[PDB]
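Only one chain is included here, represented as structure tokens and corresponding to the form deposited in one PDB entry.
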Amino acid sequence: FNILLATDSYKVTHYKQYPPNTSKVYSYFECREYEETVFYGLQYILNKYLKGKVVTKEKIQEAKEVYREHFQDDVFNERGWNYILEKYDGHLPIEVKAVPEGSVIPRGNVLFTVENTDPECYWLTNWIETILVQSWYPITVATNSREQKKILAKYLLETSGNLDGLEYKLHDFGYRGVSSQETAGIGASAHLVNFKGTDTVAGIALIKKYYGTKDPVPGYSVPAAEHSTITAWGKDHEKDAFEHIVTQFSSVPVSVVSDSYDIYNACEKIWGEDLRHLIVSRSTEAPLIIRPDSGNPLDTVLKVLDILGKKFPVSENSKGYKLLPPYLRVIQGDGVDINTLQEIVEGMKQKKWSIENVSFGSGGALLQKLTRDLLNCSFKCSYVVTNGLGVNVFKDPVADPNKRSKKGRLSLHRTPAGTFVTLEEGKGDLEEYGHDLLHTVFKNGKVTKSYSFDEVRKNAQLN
């Protein structure tokens, strides 16, 4: 992996564009105003791509050779890169401060800043805006995931009386759904920050590898059928497969796609009559989690429950919402995203069903269908030293005041009302709102401070 060619091409040409006599280029990152975001993931990109010796004779030469063909000219700054190579044995001469991983900071706040520690590397700061900006992703997943949690929390509480198994309500299916493998990892981790139910094994490694979990492994998973494992017995032997999968895994909790063919038959005939004996005989610690993924998450859950409440002994819980016997539960495989999640869950409430009966699972929406647009994650330059004297820089397009960028040296502070506040123009040095909450996490190619995935949990915690 070469960092020399891991940025947006035109930046390779920025070094010549900054005012002459520029010693410092201070840049920050924020989710311009989902009122609060989970800041998570920077630590990953810092260890995997930024720390250590990132420059090498071979990497400086590879760059030139490419940018030579790419730009049909030698625009590439081999001069400046080669400088970093010798002067600091390839380590990047930049400082990066940030809010502790997992922090839930409201929109408009400085989550992390990047600046060059060596005056000649005034071009490095923004060079890495790209590589570093891709954190918008894990942050977004992390945020959106955590928002879907509150929705399940709000409704589980005002329906069951508590939050048992909350952390296992949104299961990550999106492994096949993501754009790449690496993404599968990163995204899976921005979920395990809010729930422990994940099928995208990848996100786990990353965690143990870049964040470390003292707990017994990050997320988990129960065995489950897929369309191939049931359609393979032939449409006529669907029963044979259902009964083979609940028996093979009579052991632990098993999930079984019941919509291969008429989801409402499988529920009313196969599970509620033929294999009635393999359900009721089950353990509460290992129920048969019926799983449809046919059409319209709301109407199906309701009808599924309706059918099941009818072939099985339903009970009314402390709050009045109907509840299936401990050996029968349901998971919403398809159509679930932060928006529909809200529909289904409230749709159940109106229908008196308890959010207990059902646990959900989102694929693409959960790990894809996310953009740097959603939370307005942006990396803009606010401070710069031109000729020994700094100047507060920022952009303010006319056709868009929403795109005004902060100006000057920034600092994150807790306000007397408990919330946060991002101070600009260096005013954070007036000793006003306590200490800056951002922490130097990166300086001269060496991770100066990291958090464990267990810490990220505690930070991103709800309520």
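Heads up, when I say rigid core I mean the largest set of C-alphas that superpose within 1.5 Å between the two forms. In this text, residue numbers run from 1 along the sequence as written.
Compared with other deposited structures of the same protein, residue 64 does not meet the criterion of being unmodelled in at least one third, since all of those that resolve residues on both sides include it.
Compared with the other entries of this protein, residue 396 is frequently left unbuilt, missing from a third or more of those that build its neighbours. Where residue 33 is followed by residue 34 in the displayed chain, the model omits 10 or more of the deposited residues that sit between the two. Checked against the record, the higher mean CA B factor of 82-90 and 314-322 lies with 82-90.
Stretches 283-291 and 374-382 differ in mean C-alpha B factor, with the higher average recorded for 283-291. Comparing the C-alpha B-factors of 235, 329, 196, 269 in the entry, the top value falls on 235. The PDB entry assigns its highest CA temperature factor, among 402, 43, 37, 411, to 402. Among the modelled residues of the chain, residue 182 sits in the lowest third by CA temperature factor in this PDB entry. Residue-level temperature factors show residue 244 in the middle third of its chain, judged at the C-alpha atom. Among the modelled residues of the chain, residue 60 sits in the middle third by CA temperature factor in this PDB entry.
For residue 449, the recorded CA temperature factor ranks within the lowest third of the chain's modelled residues. The deposited CA B-factor of residue 135 belongs to the lowest third of values across its chain.
What comes next is about the form deposited in another entry, which does not appear here.
Rigid core superposed between this form and the one not shown, residues 289, 131, 275, 153 considered: the one with a C-alpha shift of 2 Å or more is 275. After superposing the rigid core, the C-alpha of residue 115 moves by less than 2 Å between this form and the one not shown. For residue 264, the Cα coordinates differ by 2 angstroms or more between this form and the one not shown after the core has been superposed. Relative to the superposed core, residue 208 shifts its CA atom by less than 2 Å between this form and the one not shown.
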